[PDB]
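Enquirer: Requesting a structural model of the entry that follows:
(2 chains, ligands or ions: 3)
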Protein chains: 2
Amino acid sequence: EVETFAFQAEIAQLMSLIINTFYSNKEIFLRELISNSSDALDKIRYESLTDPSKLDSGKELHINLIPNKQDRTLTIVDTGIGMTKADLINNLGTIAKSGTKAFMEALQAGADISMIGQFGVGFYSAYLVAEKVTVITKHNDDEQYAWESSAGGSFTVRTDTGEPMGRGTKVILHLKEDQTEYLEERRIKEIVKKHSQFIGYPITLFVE
Amino acid sequence: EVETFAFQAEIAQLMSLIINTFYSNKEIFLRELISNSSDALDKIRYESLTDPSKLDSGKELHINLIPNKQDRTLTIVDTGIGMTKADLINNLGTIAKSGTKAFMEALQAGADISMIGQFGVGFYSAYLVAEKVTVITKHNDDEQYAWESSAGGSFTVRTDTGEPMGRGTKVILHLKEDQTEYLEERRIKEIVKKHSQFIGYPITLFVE
Ligand SMILES: Oc1ccc2cn[nH]c2c1
Ligand SMILES: Oc1ccc2cn[nH]c2c1
Ligand SMILES: [Cl-]
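Expert: Residues are numbered from 1 along each chain as shown, chains lettered A, B, ... in the order given. Ligands and ions are numbered 1, 2, ... in the order given. Structure as follows:
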């Protein structure tokens, strides 16, 4: 029921760079993950303009941020277009092989890690703060699946018989023991205002 | 053989804002149009990773910038994924109705016109410098078409029996009589280095 996979060599390389490189401005992870959800929401909005029944699986387009101090997680939920099984396998629907290449050689021209969005592999900045990332996704054209990794050079894909969700994607960050400041009402507020104030969709910060 | 269309009200509104608003930093148009081609190239790269025959219509992924002083044009060419007829009609494959809304109210929160990319309607900044824009496009799943507008609240779509191009999109800017500095070898070089130095694809500046 659980399939295990090896990251392509270039992505494994990137993930190891992100975990090991001394770099203080970790807060950008949220900008990047919010930005990816906004892009998924654009995609089902475009699609629905021609066939309005794509929105049958949930008529609202939004982003939610859910801190939990017990499980030491922060969840980012969107009701975007979602990913198909094959999407999950193909580096979470990105061009990671070529994107990592362009990024790696952009650190040759003096650029720093905050520029990771510009290359299209910004999802992996989640490894600035998380020790394990579980992505749950449901796309109209397929079933619900769960993807999971703690780096190490491999990820798993199972089908998910937990919570039906209708449509979208959930990125559960299981945070590193020294990064719990990103569970703080105050601190998430500041980061959302600094780096994400003009996102076209409503962002609800949940309270505990 | 030539169909004429009315822009939706919100897009007409935006275009009129871009043409009339006093605003000096016009140079961003190139950043935005380059950025859109990069996004089209990402899309056929993603597609080709699963079915490699999508690249049968041209194996190279690149951007070219072509100044012409005679016809007073600057052409930006990419061999991206291209647009289908319906794409051309739907605001050049963008979410323009909602995007213009989010943008218009972002000028309520102090943001300026250079932030147009963040809302997904950056193609229209071309109206900072061009008086007429002709877009030529060929997508694997359809024929070659030509879209054209001088604003005025309407655009045309004809099928194009000029140059076969295989796959991609060409954005011909017919420049305003006072914006010919964007035909200068020197000046295009500076703008590409300032705002576009980390684009993952090769950009060839043609010389005349
Ligand atoms: O951070 C991410 C990464 C991938 C997807 C797909 N949908 N939403 C996402 C968010
Ligand atoms: O500036 C643009 C706008 C739309 C498309 C589509 N493909 N390439 C483009 C460039
Ligand atoms: Cl983008």
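Enquirer: What sits closest to residue A:184 if chain neighbours are left out?
Expert: Sequence neighbours aside, residue A:67 is the residue nearest to residue A:184 in space, at 7.7 Å (criterion: Cβ to Cβ, 6 or more residues apart in numbering or on different chains). The C-beta positions use only the backbone N, C-alpha and C, and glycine is treated the same way.
Enquirer: Are we agreed that that neighbour is in a helix?
Expert: No: assessed with DSSP: H, G, I helix; E, B strand; the rest coil, residue A:67 is strand; it does not lie in a helix.
Enquirer: so how many other residues sit close to it?
Expert: Using other Cβ atoms under 10 Å in any protein chain shown, residue A:67 has 21 neighbouring residues.
Enquirer: Centre of the chain to the helix ranked longest in chain A, how far?
Expert: Longest helix in chain A, counting residues (DSSP state H): helix A:28-50. Remark: helix A:28-50 is offset 11 Å from the chain centroid, using Cα atoms, centre = their mean, to the nearest Å.
Enquirer: Kindly report the same for stretch A:176-183.
Expert: For stretch A:176-183, the distance to the chain centre is 17 Å (Cα atoms, centre = their mean).
Enquirer: distance between the ends of it?
Expert: 12 Å (Cα to Cα, to the nearest Å).
Enquirer: Quick check: closest non-adjacent residue to the residue of chain A found nearest ligand 2.
Expert: Closest residue of chain A to ligand 2, Cβ to the nearest ligand atom: residue A:46 (12.9 Å). Excluding its sequence neighbours, the residue lying closest to residue A:46 (Cβ to Cβ, 6+ apart) is residue B:95, at 5.7 Å.
Enquirer: quick one: the one you found and residue A:61, what's the gap?
Expert: 10 Å (Cβ to Cβ, to the nearest Å).
Enquirer: Next, show the common contact partners of the two.
Expert: Residues touching both residue B:95 and residue A:61 (Cβ atoms under 8 Å, 6 or more residues apart in numbering or on different chains) are residue A:45.
Enquirer: So which residues of chain A form strands?
Expert: A:2-6, A:63-68, A:73-78, A:130-138, A:144-149, A:154-159, A:168-175, A:203-205 (DSSP state E).
Enquirer: Determine whether any part of the last one lies close to ligand 1.
Expert: No: in this structure, strand A:203-205 remains apart from ligand 1 according to Cβ under 6 Å from any ligand atom; the gap is never smaller than 13.5 Å.
Enquirer: That strand - contacts with which helices or strands?
Expert: strand A:63-68, helix A:185-195 (3 or more Cβ pairs under 8 Å, 6 or more residues apart in numbering or on different chains; DSSP states H and E).
Enquirer: Out of these, which is the most enclosed?
Expert: Compared across these, strand A:63-68 shows the largest average neighbour count, a mean of 19 (mean count of other Cβ atoms under 10 Å in any protein chain shown).
Enquirer: So is that one next to ligand 1?
Expert: No: Strand A:63-68 is not in contact with ligand 1 by Cβ under 6 Å from any ligand atom; minimum separation 9.6 Å.
Enquirer: contact partners of that strand?
Expert: Contacts for strand A:63-68 (Cβ under 8 Å, 6+ apart): A:34, A:37-38, A:41, A:73-78, A:182-185, A:188, A:192, A:199, A:201-206, A:208.
Enquirer: quick one on the thing from earlier: now render the helices and strands packed on strand A:203-205 as JSON lines, adding distance to residue A:122.
Expert: JSON lines is the format used below for the helices and strands packed on strand A:203-205 (distance: least, Cβ to Cβ, whole Å):
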{"stretch": "strand A:63-68", "distance to residue A:122": "15"}
{"stretch": "helix A:185-195", "distance to residue A:122": "12"}
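Enquirer: Relative to residue B:126, which of these is closest?
Expert: Closest of those to residue B:126 is helix A:185-195, at 27.8 Å (criterion: Cβ to Cβ).
Enquirer: outside of that closest one, which residues touch it?
Expert: A:27-28, A:30-31, A:34, A:65, A:67, A:74, A:181-182, A:203, A:205, A:207.
Enquirer: In the residues you listed, which residue is surrounded by the most others?
Expert: For those, neighbours were counted using other Cβ under 10 Å, and residue A:74 has the most, 27 neighbours in all.
Enquirer: contacting residues around that one?
Expert: Going by Cβ under 8 Å, 6+ apart, the list of residues near residue A:74 reads A:65-68, A:173, A:175, A:182-183, A:188.
Enquirer: Can you tell me which of those is nearest residue B:157?
Expert: residue A:65 (41.9 Å).
Enquirer: Would you mind measuring from that closest one to ligand 1?
Expert: Here the criterion is Cβ to the nearest ligand atom, to the nearest Å. By it, residue A:65 lies 12 Å from ligand 1.
Enquirer: What residues are bridge-paired with that residue?
Expert: residue A:76, residue A:205 (DSSP bridges).
Enquirer: How much space separates it from residue B:35?
Expert: Residue A:65 sits 27 Å away from residue B:35, going by Cβ to Cβ.
Enquirer: ok, now residue A:61?
Expert: Taking Cβ to Cβ, one finds residue A:61 at 23 Å from residue B:35.
Enquirer: do the same with residue A:149
Expert: Following Cβ to Cβ, the distance that separates residue A:149 from residue B:35 is 30 Å.
Enquirer: In terms of neighbours, single out the busier of those two.
Expert: Counted by other Cβ under 10 Å, residue A:149 and residue B:35 do not tie: residue A:149 has more neighbours, with 20 against 17.
Enquirer: and the nearest residue to that one once chain neighbours are set aside, how far is that from residue A:66?
Expert: Once flanking residues are discounted, residue A:149 sits nearest to residue A:155: 4.0 Å by Cβ to Cβ, 6+ apart. Separation of residue A:155 from residue A:66 (Cβ to Cβ): 23 Å.
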